[PDB]
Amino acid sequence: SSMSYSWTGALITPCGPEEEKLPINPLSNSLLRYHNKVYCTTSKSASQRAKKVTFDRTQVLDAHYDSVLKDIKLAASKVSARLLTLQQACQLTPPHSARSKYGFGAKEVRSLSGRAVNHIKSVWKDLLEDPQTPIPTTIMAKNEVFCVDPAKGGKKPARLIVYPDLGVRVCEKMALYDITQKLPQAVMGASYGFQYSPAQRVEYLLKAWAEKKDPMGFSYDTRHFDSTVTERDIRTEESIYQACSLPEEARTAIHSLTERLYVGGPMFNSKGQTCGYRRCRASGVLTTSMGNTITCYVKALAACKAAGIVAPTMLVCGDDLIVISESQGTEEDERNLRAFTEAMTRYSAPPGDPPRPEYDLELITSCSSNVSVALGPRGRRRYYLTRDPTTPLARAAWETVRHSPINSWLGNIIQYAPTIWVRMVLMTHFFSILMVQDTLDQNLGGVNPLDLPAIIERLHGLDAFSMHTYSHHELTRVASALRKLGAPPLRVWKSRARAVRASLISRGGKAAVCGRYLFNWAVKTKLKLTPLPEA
């Protein structure tokens, strides 16, 4: 039936300047050599993304879907959800959020300037009074950094971001924010992925795995998921929102937003020209995450039922899921996954790479990450979250006139503190840099480098300073990644850490704390590492 997009032929213009690296990368030319492999998805490449995502869609539901959808509405109704005062919504706008066409930006909105507050009042009026006129949207390309992958086709084209003017975004929040805070958790229960910390995510997966008499696992991702979302899915999304206790004024707004924005509409490039028209998810609206997550969860749980997966235990984060099930033999498991996939494909949620059953937790990737295991200080198996380091490393070498990567070094050091690649590579580099800059005190993205041990033990457990004997998979993947980016191998980072460490220790103070906890892995005579006041 419905085509996902249609194109005037007008280009998808840049919303500013997209910078190139420079001939010297002073912060990261000691981290890695192959800077030619590090690129940022440009808006010229948007054209190609459009081609990939524009395609005709056909959807066939069935008892299993219908049934799941029923049960989900019954969940939805145990939820009461209130409107948000125009002001409260203004306050939830991000600091730098892209300004309005109508002469004002996020400063005004967050501070409750009167020009801003009136415009918004009017815009909300128009939603209440008018429930069909489509709402224009801007379309732009997302700029992300990756390592090239010649094996997987050279350079990814830029993903497409599609969003309404600022005023509309506030209104969206008024109508929907509270729902987003309550509905998913209530529809999906323990399956709701974003609810968990990474540690809980891991415990959850292990508990699921443990529960089975004979576990089988897989993950599923949808190809260009936002393109796969149909007018009907969105309307079914509305009817799920509506299934709550709502102020009548909300219902009108929801329904008006649904019909005028969410379900489709015209798109304009940043120079103002009509770009095309959209009949699927706009990734840019408030409902993007919740939408994707709920919808994905319906189709998924239906496919599970269509395919006979026994005792499924799910975890959904957007279009990404993991199911851990009771195995029915490999022969049947393969048949069921095929079924599952046909069902999803019928429901208009077809796979990128088609899924496969696995019987070992390490072999299941979702949200670009996976569980692995190493040994801790006393010889116990310690499970943790990790990932291919390619992209984080690539991003660690993204230096331009207007951008420093030091923050991403830190971001990843915190998030993946127990991973061998953070511990040996990223930390070593990060500290090495700052000691030489002599800018350790300096706060970065509101964090103090010298806190790190505390920060890390709070979030990952003191075991993160003592883990050893990492998995074959993980060593292979790390090695291979450094080799791919022309970084030094681990043996060299070992040396460099001994040095960094010695300097940090001899620096005294918190530096020495850092030097001792964070680099204890680097020494043959490893110390007794006890817990920290600060956490």
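Sequential numbering from 1, following the sequence displayed.
For the pair 396-404 and 152-160, the record assigns the higher mean C-alpha temperature factor to 152-160.
When 440-448 is weighed against 163-171, 440-448 comes out higher, by mean CA B-factor as recorded in the entry. Taking the deposited Cα B-factors for 289, 368, 219, 372, the highest one is held by 368.
As recorded in the PDB entry, 72 shows the highest C-alpha B-factor of the residues 86, 310, 145, 72.
Residue 498 sits in the highest third of its chain by CA B factor, as recorded in the PDB entry.
Ranked against the other modelled residues of its chain, the C-alpha B-factor of residue 328 as given in the entry falls in the middle third.
Residue 435: CA B factor lies in the highest third for its chain, per the PDB record. Residue 202: CA B factor lies in the lowest third for its chain, per the PDB record. Ranked by C-alpha B-factor against the other modelled residues of its chain, residue 15 falls in the highest third.
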